[PDB]
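Coming up are structure 1 and structure 2: the same protein chain in two forms, each one given alone as structure tokens.
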Structure 1
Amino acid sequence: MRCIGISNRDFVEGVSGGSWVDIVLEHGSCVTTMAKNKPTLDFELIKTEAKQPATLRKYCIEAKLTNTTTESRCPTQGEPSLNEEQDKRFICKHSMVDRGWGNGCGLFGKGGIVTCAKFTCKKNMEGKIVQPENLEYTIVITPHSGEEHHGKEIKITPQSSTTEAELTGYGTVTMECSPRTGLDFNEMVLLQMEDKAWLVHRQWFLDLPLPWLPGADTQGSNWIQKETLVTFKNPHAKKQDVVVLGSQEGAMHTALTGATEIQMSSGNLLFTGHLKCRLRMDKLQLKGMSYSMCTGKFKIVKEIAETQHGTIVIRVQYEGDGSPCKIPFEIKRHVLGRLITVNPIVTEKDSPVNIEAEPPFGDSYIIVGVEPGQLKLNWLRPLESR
């Protein structure tokens, strides 16, 4: 019943005889399945998750230099040194400055200088290696029970592709899903930047000129290639300057245009995955196929409304007393349109039922219940121009 209202919806019907029915599930797409004397079911891919992801390398895209420290020596007094030169969180550089009387030296000449600053990462992106088989999918199966828009969650993986799922009152449904997504995780790296994510070529990833931490480094601070975001300036032999090179965030986004983008709605992998499944409905059964026909009268609780796919939704309440019972439903004298919410049943007189049916093109008659007060509603499904 979940599909009712979703524009990206498919109505897949099982080939007259054959138990199997092939469907394609993707994010923001719903699928309605029908088969002769079988319940109508609604499928939706709710989440895709990359499990057991091995971090290959982590890159710095925005950095900050702090704790700047300098040491100089007087001319001929050798090379200066700071302890920081041995601290791997620090970026250092040796240069020469003009020394003399006015800057604290007995002699006039080129005195060695050394400038150290603490390289701190403000923003990073991590590249993850994901094993195709480790991609978990979450499918929700909702039966067409007439009850408000109840659903059995089911998890599959390209390995555990085939699962039997039991639906309370309808029996079991066998699902055989394919390891055939539009995703070659082989030689691809899942590049994650905050809330954005993409799938990119391994060699391109490793060849990026940015400071990095290896996959192995357990939340380290010893960024390799710090030089790629740091610059030392000493043009007049008066002073050495250390300067940060500015956020590569937007630059990265631009580099990543001709890449497979992955979206992250509510901080999860909710894109580029599509699952081609096969469905066996031989163990499925219509709920209340044993119940008797409704005798009483029906009321129209909400005005009949048309869905985006030409189908119509009728919310009705039972006034009679036979419940639990089968609702008599039909769409002059000869049958015309088809039912989507197959074998509509009443559970309680108080609880209304939602019946989805496909009316025929043009004028039709929606007849709900049996006499007296048997509802004889009118529909108009006009034809469409190019």
Structure 2
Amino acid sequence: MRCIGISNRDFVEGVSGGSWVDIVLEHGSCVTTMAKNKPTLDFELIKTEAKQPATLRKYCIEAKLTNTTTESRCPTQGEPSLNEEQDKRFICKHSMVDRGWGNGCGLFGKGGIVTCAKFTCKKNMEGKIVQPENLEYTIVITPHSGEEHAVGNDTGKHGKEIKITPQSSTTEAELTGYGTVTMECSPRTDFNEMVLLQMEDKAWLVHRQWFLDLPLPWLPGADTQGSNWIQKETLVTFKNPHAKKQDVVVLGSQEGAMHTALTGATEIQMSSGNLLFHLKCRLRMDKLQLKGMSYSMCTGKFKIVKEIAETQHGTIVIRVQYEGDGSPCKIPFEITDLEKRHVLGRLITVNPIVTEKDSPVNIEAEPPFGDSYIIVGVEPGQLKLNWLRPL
């Protein structure tokens, strides 16, 4: 009954008798499944998750150069040196400047220079290794049991949670009162050669080869030191145009640059390892059964707890409380023409039943286009509601 309220919803009906039905579950999408003399079920894909992914490589996208230090030598005085050359946190370059009398040298010539600066990463991006094997799916199956709260109940408590693993693709969940439903799901979108690149609160799924060939400073997955970066040269530039001085320049944030490069790519919503992303399944309904197909018809009177409300798909919802005594019993329900002669429209919440008089029931039905009578219960106290469904 979760689907009631969700705009991206499909009403999949299986050719009655058939022991299977094919559905496509995805994020932000709900599915309602029906079959003759079988219970109506609601399916949602709650979460997609990677179980322990290996950090392939971490790249620096924004850097900072500090501690700029220069050692020079007069012509003929040798090559200059700093310890920073040994220190891996620094990026160094040797060059030549014009030396002579007016800048401290007894001789006139090309005096050797050396400049070192501290490479500090400010923003970086991990790309975690995904294998289709360690990819888990979380499906919620909610039967149409009229349960008082069930209507668009986001919490989940009402439905049976199920995990689809590529190691355990076939799962048989026992639905309390309806029997078992075997679910056979197939992973679709390759994930073998795919890196799940994580930026900030933004993340995507990208090619292994594309990732690995980025012109940026990087660190191997294994590294948790985070001090000295491979390829600093990709963000650092040394300038000496007039042999007067050597200038060290940062290449500017690559954050927005990256977002633009990632336009064509598969964007995914991410939060604490979970990717809220086209998972195609087969449903075995042979082992499913209607709760109450052998219960007798309610004879009592019914009260209207929640007024008829129309869903975005033309369907209607009614919440009613039983005031009789026969419970557990089948609630009588009918949609007829104004002249109460023709049976019209269909019932989504098939075989509506009362379990307890105290607990109200929610019924979803598809009214016909135009005027109809929604008749819930039996005479006396028979509820005769009127509906309009314009074209």
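For the two forms, the rigid core is made up of the largest set of C-alpha atoms that agree within 1.5 Å on superposition. Numbering for residues begins at 1 and runs along the sequence of structure 1.
Engineer: Superposing on the core, which single option in 313, 105, 140, 193 has a CA shift of 2 Å or more between structures 1 and 2?
Structural biologist: The answer here is 105.
Engineer: Aligning on the rigid core, do we see the C-alpha of residue 65 shift 2 angstroms or more between structures 1 and 2?
Structural biologist: After core superposition, the displacement of the residue 65 C-alpha between structures 1 and 2 reaches the 2 Å mark, so yes.
Engineer: Has the Cα of residue 168 moved 2 Å or more between structures 1 and 2, judged after a core fit?
Structural biologist: Where the cores coincide, residue 168 shows only a C-alpha shift between structures 1 and 2 that is less than 2 Å.
Engineer: Aligning on the core only, does the CA of residue 114 end up 2 angstroms or more away between structures 1 and 2?
Structural biologist: The answer is yes; the displacement is at least 2 Å.
Engineer: For residue 219, tell me the Cα shift between structures 1 and 2 once the rigid core is superposed, in Å to one decimal.
Structural biologist: After core superposition, the C-alpha of residue 219 moves 4.2 Å between structures 1 and 2.
Engineer: If the rigid core is lined up, how many Å does the C-alpha atom of residue 49 shift between structures 1 and 2?
Structural biologist: Displacement of the alpha carbon, after core fit: 0.8 Å.
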